[PDB]
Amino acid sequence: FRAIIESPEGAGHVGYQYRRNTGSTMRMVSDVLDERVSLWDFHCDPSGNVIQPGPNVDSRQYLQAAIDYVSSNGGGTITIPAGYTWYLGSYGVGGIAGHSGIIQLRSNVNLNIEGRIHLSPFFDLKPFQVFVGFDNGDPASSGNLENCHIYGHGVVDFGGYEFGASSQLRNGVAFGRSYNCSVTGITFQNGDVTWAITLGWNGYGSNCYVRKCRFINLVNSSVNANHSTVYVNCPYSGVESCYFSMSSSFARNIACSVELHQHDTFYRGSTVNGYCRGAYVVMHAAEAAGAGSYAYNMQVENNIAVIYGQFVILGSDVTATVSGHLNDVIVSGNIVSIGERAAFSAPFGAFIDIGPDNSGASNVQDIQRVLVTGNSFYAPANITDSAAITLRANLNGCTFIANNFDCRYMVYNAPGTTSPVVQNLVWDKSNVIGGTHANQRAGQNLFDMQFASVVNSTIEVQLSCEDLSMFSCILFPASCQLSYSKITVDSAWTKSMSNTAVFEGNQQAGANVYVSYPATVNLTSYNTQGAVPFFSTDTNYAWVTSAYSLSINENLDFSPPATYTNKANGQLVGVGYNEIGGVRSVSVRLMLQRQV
């Protein structure tokens, strides 16, 4: 008896009945204990004696054994105990070997990380992926990870070790071909990694989520070639109520918080600080095997960010056999600011970027039906390289409504460089243009339409304060075609502007071009007493359909025409009134209108 009770089967010979209930199951102590399971149950030497965790012990083989055993039982949750730091100090083996895998996740085996997991000095200067859900070296020959949840109040610490080379990959949790998997509550911190979490693989996966997780200082070296904290690469997956922070200078140039790469994915309720970018929202053709070649229903909403580059970078590219498409996106409720910095010191500040592909090609995209609404954007007044939308690649549609944009540019693209084809750009008049950059815009165009062409587009400029420093509210170079488009400049705060709307190739004369903007016109009248016509002295208003006065008449003996039309020769003509006769000569501020 004493032999049995002191042996490992001793709890299995001690009876128990729930709260002495006569109806309850007659069990043994071991049975109630077998309901839960922890790392302590596999953290032992060959002779079954428990090993204590610490900086001089590799917990990898033990945690792996635990995962492998519970995998056999059909599932369950392993606890990684609180009040202990569990150091990992070696590479995993078999299926995860090809992915630099430390621990292999398995279906139905959840990890409750309450304690801390720290990478040992073994992993300094080399690649690693701390948790991997692939069961094969080649991911195309891998099976799925299902129903695997990592959660708790625990920490995952990458040791603070730098990358050994730019080519190396480093990840916290690679769920792999992951269906119904999540990370909740976990702090990932102190490292130099490519991602902290990757969800899915080339579209394979579903219902994967990252929630209430923290991501702190996950870039620290100039070697690090790129970073995206959470990579969503399966559909019906997303990031929610998370926190992302960086302090590293290098992070401001390379780090993005989230990437959405498949349909029905989201990023919301999250706070970001110290990153270059908020989110990539893209279809990479090379990732279209699992969930097809379209990224639709892409949601970036109610996020808070202090970034140094671009907030949302839209993108779409092609392979030889597959073409990427992006459509039905929504960016709403976000309050974003470019952080304090020198002009041109980080990648170009923007709220929306229509970026080219990895290879720098700008003539492969298919971005359309994008709604940008109810967002707040601010950039410090000194930051020249700041824009509401940086439009550097072919755009098939994007709609801006009821946003608040307080930065240097509204619409922008560098002169030279790319020559984007633009369709269906809608800038509703409900977008407010802020005044922080007033007086800073010497020689610059508020909307600098540096494109190959613009069609089926609306730009309704409305100012809410003066900036007479800008060269124009909106400018089109002669190289930019314009047709079936609406371009207006509201007169408010524009009276003293020499240029409002500028069409360098006279593109506002287009048969289906709808424009209105203020201009200053010199008029001469005939000498006739009574009703008398006034004509403009310049002859470049052949495109004008109507014009009306925006200035007072300080004269008593006459009044120029309130409204005007044009003549074959490009003069404006109206009918004023001479109370007394005499040739009149005035300079008046007119709202020039064409088919509007």
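When you see a residue number, it is the position in the sequence shown, counting from 1.
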property	result
Of 284 to 292 and 205 to 213, the one with larger mean CA B-factor	284 to 292
Segment of higher mean CA temperature factor, 484 to 492 or 220 to 228	220 to 228
Out of 266, 476, 84, 471, highest CA B-factor residue	84
Highest-ranked of 456, 499, 257, 321 once sorted by CA temperature factor in the record	321
Among modelled residues of the same chain, the CA temperature factor third for residue 14	highest
Within-chain third of residue 429 by Cα B-factor, per the entry	lowest
For residue 525, the third of its chain into which the C-alpha B factor falls	middle
B-factor third for the C-alpha atom of residue 275 within its chain	middle
Chain thirds of CA B-factor: placement of residue 70	highest
